[PDB]
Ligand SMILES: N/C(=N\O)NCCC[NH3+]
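Presented as structure tokens, the chain that follows is alone, the form solved without the named molecule.
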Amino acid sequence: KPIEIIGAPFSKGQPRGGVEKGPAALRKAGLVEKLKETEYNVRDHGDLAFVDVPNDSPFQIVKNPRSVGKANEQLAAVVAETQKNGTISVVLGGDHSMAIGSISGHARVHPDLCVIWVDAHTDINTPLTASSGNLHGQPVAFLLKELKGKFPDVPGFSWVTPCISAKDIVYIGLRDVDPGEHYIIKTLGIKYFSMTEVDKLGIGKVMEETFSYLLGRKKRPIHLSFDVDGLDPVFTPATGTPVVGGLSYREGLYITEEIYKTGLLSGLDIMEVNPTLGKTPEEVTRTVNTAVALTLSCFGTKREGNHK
């Protein structure tokens, strides 16, 4: 019933910078003002203040493992608190590595939740199969149960508890996956929808199946982790890893409009909005408004109209 924006302007997740300005842009985009305008109430948790672990030594390859392990541990702590009160937790953040704290904290109250991860990537690189070391590409690794133990524990993420099985997570939009990640998902029979399947089935049937897969038997809580680079660059240019032939505005919306319809949206995740990475101030607006549009959608803003 209630909503709670938890700013998470973290950044250490990846090399490029400018992702901590995300909650700023979105909020500056009047996000909370339009969201209240829905048949929901909104409590802004305000942005979190992350402590930066000194002499953060790159564990093996993994850059900033402590700082990141920590800033995340803090989010889960906070995400678990608001969820514990029965509120949908929208997390305005920086890089997807902050999905570690989001989900975990969410998973702590509802161990049986499921994940509809929308992104053009899998972010399932273990600190081993990972080329270079930017955690914004390892989330699913720290969370998947079937993966724990298959890589060296990282300094600062021990607090985590693999909380979801491969039968609880579904991917949508994939188009730029690595050899390792591909292996891992294939090896674990994870249900996904690469842009190939979409092009084939049409976003319409993608949801019917994503839903008949995750909510077929039981009807548990849903954790939507929306990565902005999931929608074609023509719509979300202000990101770090833009990939053409992606999801469109109308698709990103059919996805959110459908998640609303279920009535199970428990925890959202709007990540990767990088204002700084806009070739023109316009690109940052196109990204910020369709990031917001998406949010509002998850809360009822249908495209056919909404009367009180």
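Just count from 1 along the sequence shown to find any residue number.
Below, we refer to the form solved in complex with the named molecule, which is not included among the displayed structures.
Enquirer: Quick check on this chain: with the named molecule placed from its pose in the deposited bound form by superposing the site C-alphas, is the site open or blocked (blocked meaning at least 3 ligand atoms within 2.4 Å of backbone or C-beta)?
Expert: Site status open, zero atoms under the 2.4 Å cut.
Enquirer: With the partner left out here, check for me: in the deposited bound form, does some heavy atom of residue 158 sit within 4.5 Å of the named molecule?
Expert: Answer no; every heavy atom of residue 158 is more than 4.5 Å from the named molecule in the deposited bound form.
Enquirer: Would residue 38 show up as a contact with the named molecule in the deposited bound form if we use heavy atoms at 4.5 Å?
Expert: No, residue 38 sits far enough from the named molecule in the deposited bound form that none of its heavy atoms falls within 4.5 Å.
Enquirer: Find out whether any non-hydrogen atom of residue 248 is located within 4.5 angstroms of the named molecule in the deposited bound form, and reply yes or no.
Expert: Outside the cut-off, so no.
Enquirer: Examine residue 178 and determine whether its closest non-hydrogen atom to the named molecule in the deposited bound form is within 4.5 angstroms.
Expert: Yes, residue 178 sits close enough to the named molecule in the deposited bound form that at least one of its heavy atoms falls within 4.5 Å.
Enquirer: Only one of 104, 125, 210, 83 gets a heavy atom within 4.5 Å of the named molecule in the deposited bound form. Which one?
Expert: Checked against the cut-off, the match is 125.
Enquirer: Taking the named molecule in the deposited bound form as the reference, which of 187, 165, 196, 132 has a non-hydrogen atom within 4.5 Å?
Expert: None of the other options qualify; the answer is 132.
Enquirer: Quick one: find which of 84 to 92, 198 to 206, 132 to 140, 146 to 154 has residues within 4.5 Å of the named molecule in the deposited bound form by heavy atom distance.
Expert: Every other range fails; the passing one is 132 to 140.
Enquirer: Which residues within 224 to 261 place at least one heavy atom within 4.5 Å of the named molecule in the deposited bound form?
Expert: Stretch hits, in order: 227, 229, 241.
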